[PDB]
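Remarks on the structure that follows.
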Amino acid sequence: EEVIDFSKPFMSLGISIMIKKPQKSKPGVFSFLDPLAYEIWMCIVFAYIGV
Amino acid sequence: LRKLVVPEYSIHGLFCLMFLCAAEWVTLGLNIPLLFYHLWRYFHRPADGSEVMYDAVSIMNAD
């Protein structure tokens with residue numbers, strides 16, 4: 001701008017983050033526990049013990 | 001009394017295990033000393049017989 005003259009921006013932008021699209025993750029061993037949180041499983045174990 | 005001792009110690013051990021898994025450190029610290037006392041009491045048999053925690057012959061002693 002010190003040596004030329006600009007116009008008002010015709011397109012405003014900024015820095016941003018590019019990532020690879022999340023894919024269907026390869027199922028993990030012990031993915032059969034995913035429907036319930038770990039805390040539920042531990043409470044189940046200790047309720048079994050207590051009962 | 002002999003038939004009734006193991007449940008107490010093992011249930012207290014269950015308490016200790018539960019508080020370990022839940023990561024409740026303070027209560028586990030408060031409970032470890034009694035755990036070790038029970039362990040020592042059960043596995044020492046200070047009585048010379050060393051066959052039962054309470055022995056009818058050794059029992060009836062005032063001490």
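Within chain A, what's the longest run with no chymotrypsin sites (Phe, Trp or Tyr not before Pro) in a DSSP loop and at most 11 other beta-carbon atoms within 10 Å? Give the range, please. It would help to have the intermediate numbers written out before the result.
Details: sites that count: A:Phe6, A:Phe10, A:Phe30.
In chain A, the maximal stretch lacking such sites is A:31-51.
Tell me the GluC sites (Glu not before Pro) within chain B that lie in a loop according to DSSP and have at most 15 other beta-carbon atoms within 10 Å. Let's see the in-between values first.
Values: sites: B:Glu8, B:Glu24, B:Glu51; in loops: B:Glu24, B:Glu51.
Hits after loop and neighbour filter: B:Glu24, B:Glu51.
Please determine, in degrees from 0 to 90 and to the nearest 10, the orientation of helix B:5-21 with respect to the longest principal axis defined by the Cα atoms of chain B, where the helix direction is its Cα long axis.
Computed tilt is about 20 degrees.
Report the percentage of all Cα-Cα pairs in chain A whose separation exceeds 13 Å, rounded to a whole percent.
On the way: 1012 of 1275 pairs.
For chain A, the share of Cα pairs beyond 13 Å comes to 79 percent.
Wrap a convex hull around the Cα atoms of chain B, take a quarter of its surface area, and give that in square nanometres. Show your work: numbers first, answer last.
Values: hull surface 19.8 nm².
So the mean shadow area of the Cα hull is 4.9 nm².
Kindly express, to the nearest 10 degrees and within the range 0 to 90, the angle between helix B:25-44's C-alpha long axis and the longest C-alpha principal axis of chain B.
It works out to around 20 degrees.
How far, in degrees from 0 to 90, does helix A:38-50 lean away from the longest principal axis of the Cα atoms of chain A, to the nearest 10?
Taking Cα atoms only, the helix is inclined about 10 degrees.
Ignoring everything except DSSP H segments at least 4 long, calculate the 222 nm mean residue ellipticity for chain B; use -39,500 (n - 2.57) per segment, divide by total residues, nearest 500.
Numbers: 2 runs with 37 residues, N = 63.
It comes out at -20000 deg cm²/dmol, rounded to the nearest 500.
Using a basic spin-label model with each label point 7 Å from the Cα along Cα→Cβ, how many nm lie between B:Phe43 and A:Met42?
2.6 nm
Regarding the protein assembly as shown, what's the average projected area of the Cα-atom convex hull, expressed in nm²?
For the protein assembly as shown, averaging the hull's shadow over all directions gives 19.1 nm².
Ideal geometry is used to build each Cβ from the backbone, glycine not excepted, and the neighbour counts take in all protein chains shown. A short reminder: the numbers here are calculations on the coordinates, not readings from a lab.
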